[PDB]
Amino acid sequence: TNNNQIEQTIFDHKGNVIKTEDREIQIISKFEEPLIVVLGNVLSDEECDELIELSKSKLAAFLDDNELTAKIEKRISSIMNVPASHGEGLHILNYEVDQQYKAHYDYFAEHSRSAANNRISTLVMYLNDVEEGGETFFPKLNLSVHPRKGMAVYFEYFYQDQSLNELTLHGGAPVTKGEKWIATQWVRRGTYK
């Protein structure tokens, strides 16, 4: 269970690359406080296509644990700097035209029961190219990340100053053309298994 009692960030990667065990991840841009990092080459095109197909074959939502998800969760754990036992698992979302996710927080309300082991960081991976729309936007920061296949946006909200955590308000913009496929890894403060 993480402890921020003496302002630091969980993500501690320096430089322009993250050399994971099976892939070299690109660091594209950083908004430092609260920490929002745009990452390139997080997933290959083949991995993006298969997470989409796995979500479709299960629909006929969190994915079931095979060898692809475990491989990606280990690579994600190197990126987010938290062991994979904190991750809720790969959650796959699909936005058709005219669908969106309005602005919200990822950490749970303090009075909620899920806040006992609350989330601390999020990684959103873009599994396909969106013809128009579907950007990840942060209203209080006037910042948006646009979907691009293989890329991802990282942001954390484990600050002592709650003002910094409240700036991580974000949503998914309406898809106007095409469709949007994303994979999301939420990281809990403690072991989630």
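Throughout, we count residues from 1 along the sequence that is shown.
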Handout entry: 49 to 57 versus 127 to 135 - which carries the larger mean C-alpha B factor in the record
Key = 49 to 57
Problem - Mean Cα B-factor comparison, 168 to 176 or 20 to 28, giving the higher one as deposited - result: 20 to 28
Fill in the blank from the handout: Comparing C-alpha B-factors across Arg119, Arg75, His104, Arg113 in this entry, the winner is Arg113
Completion exercise
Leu63: CA temperature factor from the record, placed by chain third, in the highest
Practice task
Can you work out whether the C-alpha temperature factor of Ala70 puts it in the lowest, middle or highest third of the chain?
Solution key: highest
Exercise for the section: Check where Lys193 lands among this chain's C-alpha B-factors and tell me if it's the lowest, middle or highest third. Expected result: highest
Completion exercise
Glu156: CA B-factor among chain residues, third -> lowest
